[PDB]
């Protein structure tokens, strides 16, 4: 047989987000300026070319802290971290530029492309 459960992936992602919200099995702290965000390395690697390229390297795979560029907008980062765990991207005229620049940095090409389609009608 070949049975597909169409809500399984989204249900897994929701439960991964629930674990993040309770700090269960999170294994990295992402530092952006004074802001610190706990996450699961596997989700970060699954959603970001930057985090994938960092954690794939055995020299950096076991790092518990990752200091990002301090010029990154923490609100921008948080929006993309939420997107990572929810499939929902919360863009506003007062964050599109920060979110598009931060998505570029994190190598989330499909979010940068959507930020472009977004500005093309803003």
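Numbering follows the first chain given and starts at 1.
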- 80-88 versus 67-75: which one carries the higher mean Cα B factor per the record? 67-75
- Avg C-alpha B-factor, entry values, 58-66 vs 92-100, higher side is 92-100
- Would you mind ranking residue 33 by its C-alpha B-factor against the rest of the chain and naming the third, lowest, middle or highest? highest
- Item | For residue 107, the third of its chain into which the C-alpha B factor falls | lowest
- Task: Consider only the C-alpha atoms of the modelled residues in this chain, order them by B-factor as the entry records it, and name the third containing residue 114: lowest, middle or highest.
- Result: highest
